[PDB]
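Structure first, commentary second.
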Amino acid sequence: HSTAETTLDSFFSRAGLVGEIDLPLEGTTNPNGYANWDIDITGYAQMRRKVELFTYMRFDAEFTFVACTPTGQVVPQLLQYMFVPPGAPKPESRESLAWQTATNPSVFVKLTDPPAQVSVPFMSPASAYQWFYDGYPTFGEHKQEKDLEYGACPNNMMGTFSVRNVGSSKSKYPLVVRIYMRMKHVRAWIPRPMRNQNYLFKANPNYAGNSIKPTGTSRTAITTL
Amino acid sequence: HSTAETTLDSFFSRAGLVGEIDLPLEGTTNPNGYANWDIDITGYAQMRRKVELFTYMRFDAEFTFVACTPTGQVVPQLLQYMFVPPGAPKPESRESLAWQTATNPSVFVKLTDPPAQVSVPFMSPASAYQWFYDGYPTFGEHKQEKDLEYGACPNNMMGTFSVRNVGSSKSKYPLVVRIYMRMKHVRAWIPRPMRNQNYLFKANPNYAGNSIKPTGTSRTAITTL
Amino acid sequence: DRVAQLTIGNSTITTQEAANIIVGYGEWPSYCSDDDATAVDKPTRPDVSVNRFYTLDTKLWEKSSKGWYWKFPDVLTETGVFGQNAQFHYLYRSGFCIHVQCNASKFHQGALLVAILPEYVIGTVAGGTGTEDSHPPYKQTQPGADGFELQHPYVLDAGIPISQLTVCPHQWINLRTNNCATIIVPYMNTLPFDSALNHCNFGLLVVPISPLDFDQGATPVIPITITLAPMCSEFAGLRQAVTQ
Amino acid sequence: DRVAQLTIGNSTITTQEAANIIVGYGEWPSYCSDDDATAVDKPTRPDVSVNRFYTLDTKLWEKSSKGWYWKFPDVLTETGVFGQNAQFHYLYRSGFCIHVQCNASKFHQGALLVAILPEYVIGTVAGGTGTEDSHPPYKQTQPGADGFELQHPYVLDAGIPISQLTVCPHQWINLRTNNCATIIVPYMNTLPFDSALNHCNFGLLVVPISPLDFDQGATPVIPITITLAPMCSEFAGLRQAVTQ
Amino acid sequence: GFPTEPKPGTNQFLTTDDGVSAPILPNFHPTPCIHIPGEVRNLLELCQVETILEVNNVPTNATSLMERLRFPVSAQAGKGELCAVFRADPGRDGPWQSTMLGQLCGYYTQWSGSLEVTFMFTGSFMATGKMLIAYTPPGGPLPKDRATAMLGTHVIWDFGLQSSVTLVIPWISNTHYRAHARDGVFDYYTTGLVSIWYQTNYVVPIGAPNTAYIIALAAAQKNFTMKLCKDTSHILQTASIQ
Amino acid sequence: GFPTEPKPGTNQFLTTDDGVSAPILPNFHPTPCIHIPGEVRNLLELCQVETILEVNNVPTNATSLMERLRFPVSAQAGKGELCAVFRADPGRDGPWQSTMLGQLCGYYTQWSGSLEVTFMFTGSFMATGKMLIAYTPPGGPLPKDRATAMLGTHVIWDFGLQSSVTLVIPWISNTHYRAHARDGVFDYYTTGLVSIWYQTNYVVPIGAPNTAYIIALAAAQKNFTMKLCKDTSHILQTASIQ
Amino acid sequence: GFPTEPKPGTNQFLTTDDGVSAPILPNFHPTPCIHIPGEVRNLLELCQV
């Protein structure tokens, strides 16, 4: 019996949803034809629980962007995706000058074309990404107001992902962009207990203290099935 | 730690905006369905500042033409791009005879096709392009009226880039063509101080004498951060 | 094999009821390679003055105790010459030899799980309901030498099962078998050096899985003492002493 | 190493407080290859009559001086046999040995930055506001042997920082150390030959970075003299003498 | 151009397809990989590490959760009384859910191999006793008494200096692999039942506690294997994670 | 034709993608490349060339810009007075912005390596003096006095025939690379502080100036490296360039 | 099919592009080339007359 399907690559090299961006016509969520998604794969439970089985992880990845309207309808619209590394100017509008991408990598696709796919390397200044960082990013007094920074490691903050309608006028259709990630060439260190409770937030392991459920199923008596 | 990302090719081999052509329906800017862009990568600050770090530069390039309407909308329109080397007849209208391209290189694309891309060699009669030419192109008296020619080197004037609606009637849509340039096989000589002030014009290093700002940030005292 | 002696620096530990020695992840502490390093300044390797056994506070094992934990670079930052170097230098690096000791009698019973959990991040009960994004105070994330007591050991105060804590370098102190646990930990971090003040490489957990018990008349005070020694300590980036 | 002698042609320069010699871009002047050339006519290589030291005007260093500059092929076009050849021939080519000299006393102080800036294009203040596209007059772009004074040395009258001017072949004259600067420049241009009248291959900049100072009583007149010698001069394309 | 002919499957996005994708950063070079302790190469490395088995999965009270980690043993009446019972099924709802093995199983449809359960006695040094841990292969109903349980695979455990004993649940299956067993039809893949009985009795002197606890730790053997990845039965999330 | 299947990324225009493009001029041959002096092969060649460091970045006046290029030193009271201070951070707003190194850094997200600052005394030949240039690694607050500054990396400079002295700011970091340091969280990547103090005093005879200036020149060492290209923080343009 | 990705310049007709084109007459063989006087190989041959 082969042990090949339990290698790290077999386990993690499967694309899963990690991001979802909305570009509606009318609303309070990115209604100006552009959006800035903070790159963080910690927003969805399935993908998150798997990677959080290990403390550190080094890997290249393959990102696929599936775009369409909220009904799943494919529309003849041209979009522009741009990777904005930390420090680069984040677009403030659909006609922002930042869309010139003289140096940032950008992808131009129509929703009628098959989902855009691209390869990304391991771009952390650390030797691996940390799903858990037990510490603070800066020195000084750590008062109540700044406890927001506990567990925040900049070595995991890879930047922003920006999207827009390639134009100067409002789009004729409402859009949605789902982001999938497939890990390749994976190295992993230090396994940990698997998530036990429901996830509540992105930057931390908070759990609902009043709804602490058992790891699994329960029964009436220990002497009866 | 590798020193590969600081080679000239790594630094310059990144496409950036160097030209922008408008083909509106009604207006005073190329309203007859055609345009003649004078090939000069000195019209945009980002790309210009980088190359002006060196005095001389020899390189091949890859030009990409991204076309669409002013709203970013992709329209079913057929365009014709033509490279008109200096000396060749520049088109005077959409139906000009020059569009026969019996010898000039031309590209026919629809806005629905992916952006046209093409390779260009080093076509200067000099051994390299000069971002700076401290002299005049012709002999004779150099009076006030002709100071317009100071710093103008013909070895950098590669010709014109012409665009048109492949037709004999007005187009049904307003168009815009953005030109991107990626340098390849780069050689560079004699580094210079990097642009300090805002750019004002193309053919020269003029700066606003009343708004001469410091190279960088300032502070209150030299003994305090 | 039941008896052992650990000598390092000018300190020696003895034991006659040990249960072998665990070497975390099968690796002995070592100094930083010339190719794994970045800081260009020559580090200080004080040796014998810092690589020795330091005995921290003692805890009392009660029939109702939940368990305690200690963050490691931390527990020593205000003790001996190790602490001074950790305060004067920006960068620190080192492994540890942890020796938890607790003895009773042939009539007492109970079992302690002694484990090492790298990057032991503490979570909060989130106001009970789970709607309040509260965070653990400095006094709890870095308790110092006095350690800190677990409020919800079942989830290690971090939403993870203690039943799986054995995937980490650990050892048990079963009173009917041994009276101490010895674990040797190498330097573990994603960086060759790091701050001994802002970062805690791992946490030491001592938790009663099988409650302490005995009949009235047998001595009721059963202490648990923690002794630990740095190994292959290196410091760099000298400046003035910083407490935090 | 502090003493030196430069002999070329029928001229000799002496110095007892030098600071070595700089060879621009690590290359000595040389003649044009048979594969780098295009002009088919046989060139003239007058040698000793043109490759010698010519001493141009002297400038006075004041406690308030801003700095001066000289365009090079130019400074010599109306002097000696070099000038005659530069006027009679269309094409010219050559390197230069520039020796800037300025002495004071052990009680004077100050520092001059002597640098070579290839293709030194001059800009204007654009009418102050920056809305007027004005251009530098012939008298300023090609000042001749009298050189020209900088109005805004900080930006080298060309919108570029002088603080970075050291990426060019340069040398300093620090009165407490040396009393002269020697720089040897090879022929630099994108063409094998060019006009000595229309084009100026480079510019010589002499700028006070540390102001001259001394106590009243010490001689107040501190001159800065420029001496320069062409090297490997070649001319071609003979015709009548042209001044400009 | 070169004559081609796209087939079905064109443009589809298969989650598990392992293909090539355009790189976003040309000539980018990742941070060197330092040496880090505890590197994992295969998940089976984790399935062999023993983790606490919640045999006493009865208490659900808020304050009594820590006691599911161990079960009691005490002085009896000497008639081979039953102590505890549990299914040997790894990927089934029950005691094994608290183990790392049980958790990793949740990610695979099928498994194969022997399992092992180590029982550690945490009584006092003066406490003595002998237990009979029995494993009843499939088909055998929960043994009513010790005389029935002892007819299957078992081990008589004697408390002493060596605090623990290991019950090996040998791989005794009809099929090469077992899918996760559930109630109903999939009970076809049941592994069997484990039951602890008093071989003799828990004996103790005056002055020593009359009740002690046992902690069960479970893991897999070297011949254990898993195949066909799937998602765990549970998703730890109710509403969007903020 | 040959069965193909386009993947995501199709038709996208990635600015940094290094691919092939159709040539516009068939059989075209470029002008031969003559030999030209001063050819650059790598930008690190420029990071090692010293350029004037504006330590005295105080004057903003129109007529006083040239004096940011040098700072004063003069006869004191002999109590180890402070002369000047500045952050050693290369890609941070401040003195280093006037240097070529600081400018090239602006084009890269991260850097690594030792830096060096050479101080040239431009006083008179008769002027004497000893200074103490100190470098305070991270965490160390701006030293209040010389007795505190001397506890870090430093060099006592003696004025003499050799006009200059070099303070080497050794690479003392926790991380292999440093991203540009800014106020706030990214102050994590600060390099430290440099401060010049009077070791003894600026002494001079009668007839010689009581005030002289020092010019600081800065560059990188041979172990300096940069990675991850980005655009400089500033764009020298306000409106369209005509 | 084999994964491809068309780049800019697709469909354009460059007058001077030297590529391959489908032949209209399969197995067609041209009339043999007799020997003819005054054959030119390079235009520079004419610039010298």
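Ordering of the structure tokens sets the chain letters (A, B, ...); residue numbers start at 1 within each chain; ligands are numbered from 1 in the order shown.
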Per residue of chain B within 8 Å of chain F, what are the shortest atom pair and its distance in Å to one decimal, counting only C-alpha atoms, with rows by chain and residue number, as a Markdown table?
```
| residue | atom | partner | partner_atom | distance |
| --- | --- | --- | --- | --- |
| B:1 | CA | F:225 | CA | 7.1 |
| B:2 | CA | F:225 | CA | 7.6 |
| B:3 | CA | F:225 | CA | 6.5 |
| B:5 | CA | F:227 | CA | 6.3 |
| B:6 | CA | F:43 | CA | 5.8 |
| B:7 | CA | F:42 | CA | 4.7 |
| B:8 | CA | F:42 | CA | 6.4 |
| B:11 | CA | F:229 | CA | 7.4 |
| B:13 | CA | F:16 | CA | 6.8 |
| B:14 | CA | F:16 | CA | 4.4 |
| B:15 | CA | F:15 | CA | 4.6 |
| B:16 | CA | F:15 | CA | 6.7 |
| B:43 | CA | F:241 | CA | 6.4 |
| B:44 | CA | F:241 | CA | 7.4 |
| B:45 | CA | F:237 | CA | 6.5 |
| B:46 | CA | F:235 | CA | 6.9 |
| B:62 | CA | F:21 | CA | 6.2 |
| B:105 | CA | F:24 | CA | 6.1 |
| B:114 | CA | F:11 | CA | 5.4 |
| B:115 | CA | F:11 | CA | 7.7 |
| B:117 | CA | F:21 | CA | 5.7 |
| B:118 | CA | F:22 | CA | 4.2 |
| B:119 | CA | F:23 | CA | 3.7 |
| B:120 | CA | F:23 | CA | 5.4 |
| B:121 | CA | F:30 | CA | 6.9 |
| B:122 | CA | F:30 | CA | 5.3 |
| B:123 | CA | F:30 | CA | 5.6 |
| B:124 | CA | F:31 | CA | 6.6 |
| B:125 | CA | F:31 | CA | 5.8 |
| B:126 | CA | F:31 | CA | 6.3 |
| B:127 | CA | F:33 | CA | 4.9 |
| B:128 | CA | F:33 | CA | 7.5 |
| B:187 | CA | F:39 | CA | 7.8 |
| B:188 | CA | F:40 | CA | 6.0 |
| B:189 | CA | F:39 | CA | 4.3 |
| B:190 | CA | F:38 | CA | 5.3 |
| B:191 | CA | F:40 | CA | 7.8 |
| B:193 | CA | F:100 | CA | 7.4 |
| B:194 | CA | F:103 | CA | 7.5 |
| B:195 | CA | F:236 | CA | 7.1 |
| B:196 | CA | F:236 | CA | 6.8 |
| B:197 | CA | F:236 | CA | 5.3 |
| B:198 | CA | F:236 | CA | 3.8 |
| B:199 | CA | F:237 | CA | 5.1 |
| B:200 | CA | F:241 | CA | 4.1 |
| B:201 | CA | F:242 | CA | 3.8 |
| B:202 | CA | F:242 | CA | 5.8 |
| B:214 | CA | F:60 | CA | 7.5 |
| B:215 | CA | F:98 | CA | 6.5 |
| B:216 | CA | F:97 | CA | 6.0 |
| B:217 | CA | F:93 | CA | 5.6 |
| B:218 | CA | F:57 | CA | 6.5 |
| B:219 | CA | F:58 | CA | 6.5 |
| B:220 | CA | F:58 | CA | 6.9 |
| B:221 | CA | F:58 | CA | 6.2 |
| B:222 | CA | F:58 | CA | 6.0 |
| B:223 | CA | F:85 | CA | 5.6 |
| B:224 | CA | F:85 | CA | 7.6 |
| B:225 | CA | F:86 | CA | 7.4 |
```
**Q.** residue 104 of chain A environment, 7 Å, only C-alpha atoms, sequence neighbours closer than 6 positions dropped, as number ranges by chain
**A.** A: 82-84; F: 15
Q.
Considering only alpha helix (DSSP H) as DSSP defines it on the backbone, what residues of segment 115-229 of chain F qualify? List them as an MDAnalysis selection string.
A. chainID F and resid 146:149
Pose of chain F fitted onto chain E, C-alpha LSQ, given as a CSV table (one decimal) with C-alpha atoms, in the first residue's frame:
```csv
chain,number,residue,atom,x,y,z
F,1,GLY,CA,-0.5,27.8,-36.8
F,2,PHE,CA,0.0,24.2,-35.6
F,3,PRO,CA,-3.3,22.2,-36.0
F,4,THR,CA,-4.9,21.5,-32.6
F,5,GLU,CA,-8.2,20.3,-31.3
F,6,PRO,CA,-9.4,21.1,-27.8
F,7,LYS,CA,-11.1,18.3,-25.9
F,8,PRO,CA,-13.8,18.1,-23.1
F,9,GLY,CA,-12.4,19.5,-19.9
F,10,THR,CA,-11.3,22.7,-21.7
F,11,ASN,CA,-11.4,25.8,-19.4
F,12,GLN,CA,-12.5,23.7,-16.4
F,13,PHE,CA,-11.0,24.5,-13.0
F,14,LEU,CA,-10.2,21.2,-11.2
F,15,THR,CA,-9.3,21.9,-7.6
F,16,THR,CA,-6.8,19.1,-7.4
F,17,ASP,CA,-5.3,19.4,-10.9
F,18,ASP,CA,-1.5,19.8,-10.7
F,19,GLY,CA,-0.5,22.0,-13.6
F,20,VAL,CA,1.8,24.9,-14.4
F,21,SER,CA,0.8,28.6,-13.8
F,22,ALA,CA,2.4,31.8,-15.0
F,23,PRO,CA,4.8,33.2,-12.3
F,24,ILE,CA,3.9,36.7,-11.1
F,25,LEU,CA,7.4,37.7,-10.1
F,26,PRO,CA,10.2,37.2,-12.7
F,27,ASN,CA,13.6,36.4,-11.3
F,28,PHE,CA,12.3,36.5,-7.7
F,29,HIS,CA,14.5,34.5,-5.2
F,30,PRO,CA,13.0,33.3,-1.9
F,31,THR,CA,14.6,33.9,1.5
F,32,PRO,CA,17.1,31.1,2.2
F,33,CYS,CA,15.8,28.2,4.3
F,34,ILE,CA,17.5,28.1,7.7
F,35,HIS,CA,17.5,24.8,9.6
F,36,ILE,CA,14.4,24.4,11.7
F,37,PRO,CA,13.8,21.5,14.2
F,38,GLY,CA,10.8,19.2,13.9
F,39,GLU,CA,10.4,19.1,10.1
F,40,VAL,CA,7.6,16.8,9.0
F,41,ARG,CA,7.8,14.8,5.7
F,42,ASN,CA,4.8,12.5,5.9
F,43,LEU,CA,1.6,12.7,8.0
F,44,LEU,CA,2.1,9.0,9.0
F,45,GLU,CA,4.9,10.3,11.2
F,46,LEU,CA,2.1,11.9,13.3
F,47,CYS,CA,-0.2,8.9,13.3
F,48,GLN,CA,2.4,7.0,15.3
F,49,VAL,CA,2.6,9.6,18.1
F,50,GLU,CA,0.4,8.6,21.0
F,51,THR,CA,-2.2,11.2,22.1
F,52,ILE,CA,-4.7,10.9,24.9
F,53,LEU,CA,-7.8,8.7,24.1
F,54,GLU,CA,-11.0,10.0,25.7
F,55,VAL,CA,-12.4,6.6,26.8
F,56,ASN,CA,-14.4,8.4,29.5
F,57,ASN,CA,-16.3,10.6,27.0
F,58,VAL,CA,-19.2,11.0,29.4
F,59,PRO,CA,-18.9,14.3,31.3
F,60,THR,CA,-20.1,17.2,29.2
F,61,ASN,CA,-20.3,19.7,32.1
F,62,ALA,CA,-18.3,22.9,31.8
F,63,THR,CA,-16.1,22.1,34.8
F,64,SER,CA,-15.8,18.4,34.2
F,65,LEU,CA,-14.2,18.3,30.7
F,66,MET,CA,-10.8,17.5,32.0
F,67,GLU,CA,-12.0,14.2,33.4
F,68,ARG,CA,-12.8,12.7,30.0
F,69,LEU,CA,-9.0,12.3,29.8
F,70,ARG,CA,-8.9,9.5,32.3
F,71,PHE,CA,-11.1,6.7,33.7
F,72,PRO,CA,-11.4,5.2,37.2
F,73,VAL,CA,-10.4,1.9,38.7
F,74,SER,CA,-11.0,0.8,42.3
F,75,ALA,CA,-11.4,-1.9,44.9
F,76,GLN,CA,-14.2,-4.3,43.8
F,77,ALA,CA,-16.1,-7.4,44.9
F,78,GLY,CA,-13.9,-9.9,43.0
F,79,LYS,CA,-16.2,-11.2,40.2
F,80,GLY,CA,-14.3,-10.0,37.2
F,81,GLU,CA,-16.3,-6.8,37.0
F,82,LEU,CA,-16.3,-4.7,33.8
F,83,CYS,CA,-14.3,-1.5,33.9
F,84,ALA,CA,-14.7,0.3,30.6
F,85,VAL,CA,-15.7,-0.3,27.0
F,86,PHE,CA,-15.2,1.4,23.6
F,87,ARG,CA,-15.2,0.8,19.8
F,88,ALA,CA,-11.7,0.3,18.3
F,89,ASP,CA,-12.9,2.3,15.2
F,90,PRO,CA,-10.4,5.2,14.6
F,91,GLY,CA,-12.4,7.5,12.3
F,92,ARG,CA,-15.7,7.0,14.1
F,93,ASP,CA,-17.5,9.3,16.5
F,94,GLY,CA,-16.4,8.4,20.0
F,95,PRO,CA,-13.2,8.2,22.1
F,96,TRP,CA,-10.8,8.2,19.2
F,97,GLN,CA,-11.9,11.7,18.2
F,98,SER,CA,-9.7,13.2,20.9
F,99,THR,CA,-6.6,11.6,19.3
F,100,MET,CA,-4.3,13.0,16.6
F,101,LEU,CA,-4.7,9.8,14.7
F,102,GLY,CA,-8.5,10.1,14.8
F,103,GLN,CA,-8.2,13.7,13.6
F,104,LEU,CA,-5.9,12.9,10.7
F,105,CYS,CA,-8.1,10.0,9.7
F,106,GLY,CA,-10.9,12.5,9.2
F,107,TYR,CA,-9.0,13.8,6.3
F,108,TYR,CA,-8.8,10.4,4.5
F,109,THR,CA,-11.5,8.1,3.3
F,110,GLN,CA,-9.7,4.8,3.9
F,111,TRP,CA,-7.1,3.4,6.3
F,112,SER,CA,-5.3,0.1,6.9
F,113,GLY,CA,-3.0,-1.2,9.6
F,114,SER,CA,-2.7,-2.2,13.2
F,115,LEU,CA,-3.5,0.2,16.0
F,116,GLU,CA,-2.2,0.3,19.5
F,117,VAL,CA,-3.5,1.6,22.8
F,118,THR,CA,-1.2,2.2,25.8
F,119,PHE,CA,-2.8,2.3,29.3
F,120,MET,CA,-0.9,4.1,32.0
F,121,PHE,CA,-1.9,3.5,35.6
F,122,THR,CA,-1.7,6.6,37.8
F,123,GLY,CA,-2.5,5.1,41.1
F,124,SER,CA,-0.1,5.1,44.1
F,125,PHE,CA,3.0,3.0,44.4
F,126,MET,CA,1.3,0.8,47.0
F,127,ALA,CA,-1.6,0.0,44.8
F,128,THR,CA,-1.6,-3.4,43.0
F,129,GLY,CA,-3.9,-5.1,40.5
F,130,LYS,CA,-4.3,-7.1,37.3
F,131,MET,CA,-6.6,-6.1,34.4
F,132,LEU,CA,-7.6,-7.9,31.3
F,133,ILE,CA,-7.8,-5.7,28.2
F,134,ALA,CA,-9.6,-7.6,25.4
F,135,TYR,CA,-10.1,-6.8,21.7
F,136,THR,CA,-13.1,-8.4,20.1
F,137,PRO,CA,-12.9,-8.7,16.2
F,138,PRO,CA,-16.0,-7.9,14.1
F,139,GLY,CA,-19.2,-9.8,14.6
F,140,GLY,CA,-18.5,-10.4,18.2
F,141,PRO,CA,-21.2,-8.6,20.2
F,142,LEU,CA,-20.1,-6.6,23.3
F,143,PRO,CA,-18.9,-9.5,25.6
F,144,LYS,CA,-21.3,-9.9,28.5
F,145,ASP,CA,-18.7,-11.1,30.9
F,146,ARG,CA,-14.9,-11.6,31.2
F,147,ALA,CA,-15.2,-15.3,30.4
F,148,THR,CA,-16.5,-14.2,27.0
F,149,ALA,CA,-14.1,-11.3,26.4
F,150,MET,CA,-11.1,-13.5,27.1
F,151,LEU,CA,-11.9,-15.6,24.0
F,152,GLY,CA,-10.6,-12.8,21.7
F,153,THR,CA,-7.3,-11.0,21.4
F,154,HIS,CA,-6.2,-9.9,24.8
F,155,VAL,CA,-3.5,-9.0,27.3
F,156,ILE,CA,-3.4,-9.5,31.1
F,157,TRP,CA,-1.9,-6.3,32.6
F,158,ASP,CA,0.0,-6.4,35.9
F,159,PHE,CA,0.5,-3.1,37.7
F,160,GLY,CA,4.1,-2.6,38.8
F,161,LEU,CA,7.3,-0.5,38.3
F,162,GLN,CA,6.4,-0.3,34.6
F,163,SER,CA,3.3,1.8,34.8
F,164,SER,CA,2.0,1.2,31.3
F,165,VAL,CA,0.9,-1.7,29.1
F,166,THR,CA,0.2,-1.8,25.4
F,167,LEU,CA,-2.8,-3.5,23.8
F,168,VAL,CA,-2.1,-4.0,20.2
F,169,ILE,CA,-5.3,-4.0,18.1
F,170,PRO,CA,-3.9,-6.2,15.2
F,171,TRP,CA,-5.2,-5.5,11.7
F,172,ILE,CA,-7.8,-8.2,11.4
F,173,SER,CA,-9.9,-7.3,8.4
F,174,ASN,CA,-11.6,-8.9,5.4
F,175,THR,CA,-10.8,-6.0,3.1
F,176,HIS,CA,-7.3,-4.5,2.5
F,177,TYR,CA,-8.6,-1.1,3.6
F,178,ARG,CA,-11.4,0.2,5.8
F,179,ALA,CA,-13.5,3.2,5.0
F,180,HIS,CA,-14.8,5.1,8.1
F,181,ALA,CA,-17.4,3.1,10.1
F,182,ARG,CA,-20.7,4.8,10.9
F,183,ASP,CA,-24.0,3.4,12.2
F,184,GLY,CA,-25.9,1.4,9.6
F,185,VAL,CA,-24.5,0.0,6.4
F,186,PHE,CA,-21.0,1.3,6.9
F,187,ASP,CA,-20.8,-0.6,10.2
F,188,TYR,CA,-19.4,-3.2,7.7
F,189,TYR,CA,-16.0,-1.6,8.3
F,190,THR,CA,-16.1,-1.8,12.1
F,191,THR,CA,-12.8,-2.8,13.7
F,192,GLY,CA,-14.3,-4.4,16.8
F,193,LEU,CA,-14.6,-3.6,20.5
F,194,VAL,CA,-12.1,-3.1,23.4
F,195,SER,CA,-13.1,-3.8,27.0
F,196,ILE,CA,-11.2,-3.6,30.3
F,197,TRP,CA,-12.0,-6.2,33.0
F,198,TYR,CA,-10.6,-6.9,36.5
F,199,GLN,CA,-8.4,-10.0,36.2
F,200,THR,CA,-8.1,-10.0,40.0
F,201,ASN,CA,-8.7,-6.8,41.9
F,202,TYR,CA,-7.4,-3.4,42.8
F,203,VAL,CA,-5.7,-4.0,46.1
F,204,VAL,CA,-4.3,-1.3,48.5
F,205,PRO,CA,-3.1,-0.9,52.1
F,206,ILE,CA,-4.6,1.3,54.8
F,207,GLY,CA,-3.6,4.9,54.1
F,208,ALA,CA,-3.7,4.7,50.3
F,209,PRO,CA,-6.5,6.0,48.1
F,210,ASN,CA,-9.3,3.6,47.2
F,211,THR,CA,-9.7,5.0,43.7
F,212,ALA,CA,-7.0,5.6,41.1
F,213,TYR,CA,-7.2,6.5,37.4
F,214,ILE,CA,-5.9,5.1,34.1
F,215,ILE,CA,-4.9,7.2,31.1
F,216,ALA,CA,-5.2,5.7,27.7
F,217,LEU,CA,-2.9,6.9,24.9
F,218,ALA,CA,-3.5,5.7,21.3
F,219,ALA,CA,-1.7,5.7,18.0
F,220,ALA,CA,-1.0,3.6,14.9
F,221,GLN,CA,1.6,0.9,14.1
F,222,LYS,CA,4.3,1.0,11.5
F,223,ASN,CA,2.0,-0.8,9.0
F,224,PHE,CA,-0.7,1.8,9.2
F,225,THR,CA,-1.6,3.6,5.9
F,226,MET,CA,-4.3,6.0,4.7
F,227,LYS,CA,-5.6,6.9,1.2
F,228,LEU,CA,-8.1,9.0,-0.7
F,229,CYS,CA,-8.1,12.5,0.8
F,230,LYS,CA,-11.4,14.2,1.7
F,231,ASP,CA,-12.5,16.9,4.1
F,232,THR,CA,-13.1,16.3,7.8
F,233,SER,CA,-16.7,15.7,8.8
F,234,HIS,CA,-16.7,18.9,10.8
F,235,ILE,CA,-16.1,22.6,9.9
F,236,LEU,CA,-15.2,24.7,12.9
F,237,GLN,CA,-17.2,27.8,11.9
F,238,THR,CA,-20.8,28.9,12.1
F,239,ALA,CA,-20.9,32.4,10.7
F,240,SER,CA,-18.3,34.3,8.7
F,241,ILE,CA,-15.0,34.6,10.6
F,242,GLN,CA,-14.3,38.3,11.4
```
Each chain G residue no farther than 6 Å from chain B, nearest pair in Å, only C-alpha atoms, as CSV:
```
residue,atom,partner,partner_atom,distance
G:8,CA,B:116,CA,2.8
G:9,CA,B:116,CA,3.6
G:10,CA,B:116,CA,5.9
G:11,CA,B:109,CA,6.0
G:12,CA,B:108,CA,4.0
G:13,CA,B:107,CA,5.1
G:14,CA,B:106,CA,4.6
G:15,CA,B:105,CA,5.2
G:16,CA,B:105,CA,5.9
```
Q) For chain D against chain F, which residues fall within 9 Å using only C-alpha atoms, given as an NGL selection string? A) :D and (24-27 or 35-37 or 105-111 or 152-154 or 161-167 or 174-177 or 186-192 or 209-218)
